[PDB]
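There is one chain below, alone, in structure tokens, taken in the form deposited in one PDB entry.
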């Protein structure tokens, strides 16, 4: 019911830090958003997506820790994308790709980091995609997705 005065609106900071969730087969990725190192305040989480409720500038970031037991140079993409009524098709915001990154047969590991400033609108939905779910390690310190309002 009652609106929050801009002093009380501004005490509650708009922030998300979502951490890797190993027990999901989903794409886009699902995330931990309550316990451990995770944070969620003033932004909604649903089905792997961060759902913006206040229009404005935000810094958005994601790290993915890729690893495997036997290198075959399967290409590794990592993206942050958005869906809203203007881009019901998805808009890629940030993306990186690894090809020709390990020696064949060897145990391997490599991370990808994405971060940038975006102007987001209320009801924008933000997600993380990767090319090979099985080649992601989901420890909270290794694989993560977040943002904050500027």
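In this text, rigid core is short for the largest set of C-alphas that superpose within 1.5 Å between two forms. Residue numbers count along the first chain shown, from 1.
Here the subject shifts to the form deposited with a partner chain bound, a form of this protein not shown in this document.
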{"item": "Any non-hydrogen atom of residue 90 within 4.5 angstroms of the partner chain in the deposited bound form", "value": "yes"}
{"item": "Residue contact check: residue 45 to the partner chain in the deposited bound form, 4.5 Å heavy atom", "value": "no"}
{"item": "Partner contact for residue 132 in the deposited bound form: the partner chain, 4.5 angstroms, heavy atom", "value": "no"}
{"item": "Contact label in the deposited bound form: residue 107 to the partner chain, heavy atom within 4.5 Å", "value": "yes"}
{"item": "Conformational change between the shown form and the other one, one of 106, 85, 100, 119, C-alpha moving 2 Å or more after core fit", "value": "85"}
